[PDB]
Amino acid sequence: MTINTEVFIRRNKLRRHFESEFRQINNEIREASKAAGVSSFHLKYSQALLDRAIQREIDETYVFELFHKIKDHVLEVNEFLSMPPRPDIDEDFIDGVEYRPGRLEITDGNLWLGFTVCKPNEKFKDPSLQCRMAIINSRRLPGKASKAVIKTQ
């Protein structure tokens, strides 16, 4: 019960803000991952997660500013791909992994911005993301806190 018309237009303008500024972040990931010397990784996000950033965190372009500053954290998602072969064996497989998680979790300046590899496969170090998790705490904002992680390091 609000004039949800102009707001729908604002959350949609958010989906264009989300996608056009996501072309800015994935364009640094393609060029920087090429310039850092690793693969090139393809970005995909789950639109329900994003429906949370689209309606709870409406016109959260600040999201984009923290991830446009997070950008060099292409290197952390890259150093995550840059490891020796995933199998060394088929039994215990990840012998080059000293027990690490399947996602990257980055925080600072009110933003909890996370990236998860393409999860349904072989998981070839890191050459896709299947979830870019953008969730804040703000003004109007319904605000989440994860126990805390780090910003591009």
# chains A, B, ... in the order shown; residues from 1 in each chain; ligands from 1
call {"tool": "select_by_dssp", "arguments": {"residues": "chain A", "states": "strand (DSSP E)", "output": "mmCIF file with C-alpha atoms, in the first residue's frame"}}
result
data_model
loop_
_atom_site.group_PDB
_atom_site.id
_atom_site.type_symbol
_atom_site.label_atom_id
_atom_site.label_comp_id
_atom_site.auth_asym_id
_atom_site.auth_seq_id
_atom_site.Cartn_x
_atom_site.Cartn_y
_atom_site.Cartn_z
ATOM 1 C CA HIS A 42 31.459 -16.009 -17.015
ATOM 2 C CA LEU A 43 29.149 -14.300 -14.494
ATOM 3 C CA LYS A 44 25.648 -15.646 -13.800
ATOM 4 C CA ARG A 103 32.474 -19.420 -2.559
ATOM 5 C CA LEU A 104 34.277 -16.085 -2.110
ATOM 6 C CA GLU A 105 32.743 -13.724 0.524
ATOM 7 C CA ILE A 106 33.876 -10.059 0.397
ATOM 8 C CA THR A 107 32.736 -7.178 2.842
ATOM 9 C CA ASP A 108 33.331 -3.550 3.782
ATOM 10 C CA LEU A 111 27.994 -3.971 1.803
ATOM 11 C CA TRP A 112 28.116 -7.799 1.927
ATOM 12 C CA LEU A 113 28.972 -8.661 -1.756
ATOM 13 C CA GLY A 114 29.699 -12.455 -2.435
ATOM 14 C CA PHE A 115 30.581 -14.504 -5.583
ATOM 15 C CA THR A 116 29.978 -18.337 -5.865
ATOM 16 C CA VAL A 117 31.537 -20.592 -8.670
ATOM 17 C CA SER A 128 32.192 -19.188 -13.960
ATOM 18 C CA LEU A 129 30.252 -17.629 -11.035
ATOM 19 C CA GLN A 130 26.656 -18.998 -10.444
ATOM 20 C CA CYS A 131 25.454 -16.355 -7.938
ATOM 21 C CA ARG A 132 26.775 -12.860 -7.393
ATOM 22 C CA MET A 133 25.254 -12.134 -3.923
ATOM 23 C CA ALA A 134 24.754 -8.431 -3.346
ATOM 24 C CA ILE A 135 23.091 -7.670 0.078
ATOM 25 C CA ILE A 136 23.563 -4.451 2.156
#
call {"tool": "residues_around", "arguments": {"residues": "residue 137 (chain A)", "least_positions_apart": "6", "cutoff": "6 Å", "atoms": "only C-alpha atoms", "output": "list in words"}}
result
residues 110, 143 and 144 of chain A
call {"tool": "residues_around", "arguments": {"residues": "residue 17 (chain A)", "least_positions_apart": "2", "cutoff": "9 Å", "atoms": "only C-alpha atoms", "output": "NGL selection string"}}
result
:A and (12-15 or 19-22 or 59-61 or 64)
call {"tool": "write_last_selection", "arguments": {"atoms": "N, CA and C atoms", "output": "tab-separated table (two decimals), in the first residue's frame"}}
result
chain	number	residue	atom	x	y	z
A	12	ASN	N	12.89	-1.92	-11.58
A	12	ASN	CA	13.12	-2.30	-13.01
A	12	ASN	C	14.31	-1.54	-13.55
A	13	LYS	N	14.34	-0.18	-13.34
A	13	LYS	CA	15.45	0.73	-13.59
A	13	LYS	C	16.68	0.30	-12.79
A	14	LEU	N	16.40	-0.38	-11.63
A	14	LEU	CA	17.39	-1.13	-10.87
A	14	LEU	C	17.89	-2.34	-11.61
A	15	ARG	N	17.04	-3.22	-12.19
A	15	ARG	CA	17.44	-4.30	-13.11
A	15	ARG	C	18.24	-3.84	-14.34
A	19	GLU	N	22.14	-4.73	-14.52
A	19	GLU	CA	22.70	-5.32	-15.74
A	19	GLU	C	23.74	-4.53	-16.51
A	20	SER	N	23.58	-3.19	-16.64
A	20	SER	CA	24.51	-2.26	-17.33
A	20	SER	C	25.79	-2.02	-16.52
A	21	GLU	N	25.68	-1.88	-15.18
A	21	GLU	CA	26.80	-1.81	-14.26
A	21	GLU	C	27.40	-3.21	-14.05
A	22	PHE	N	26.60	-4.34	-14.15
A	22	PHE	CA	27.13	-5.72	-14.24
A	22	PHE	C	27.94	-5.99	-15.50
A	59	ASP	N	17.38	0.70	-6.08
A	59	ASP	CA	18.34	1.65	-6.70
A	59	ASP	C	19.74	1.62	-6.06
A	60	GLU	N	20.08	0.49	-5.35
A	60	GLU	CA	21.36	0.11	-4.82
A	60	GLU	C	22.26	-0.34	-5.94
A	61	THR	N	22.77	0.77	-6.54
A	61	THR	CA	23.84	1.19	-7.40
A	61	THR	C	25.13	1.39	-6.61
A	64	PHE	N	27.07	-1.60	-6.81
A	64	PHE	CA	27.88	-1.41	-8.01
A	64	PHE	C	29.11	-0.60	-7.77
call {"tool": "residues_around", "arguments": {"residues": "region 74-91 of chain A", "least_positions_apart": "3", "cutoff": "7 Å", "atoms": "only C-alpha atoms", "output": "list in words"}}
result
residues 29, 32, 33, 38, 71, 94, 95, 96, 124, 125, 126 and 127 of chain A
call {"tool": "closest_residue", "arguments": {"among": "A:11, A:56, A:30, A:16", "to": "residue 140 (chain A)", "atoms": "only C-alpha atoms"}}
result
A:56
call {"tool": "closest_residue", "arguments": {"among": "A:35, A:98, A:41, A:65", "to": "residue 18 (chain A)", "atoms": "only C-alpha atoms"}}
result
A:65
call {"tool": "atom_distance", "arguments": {"atom1": "CA of residue 73 (chain A)", "atom2": "CA of residue 152 (chain A)"}}
result
4.9 Å
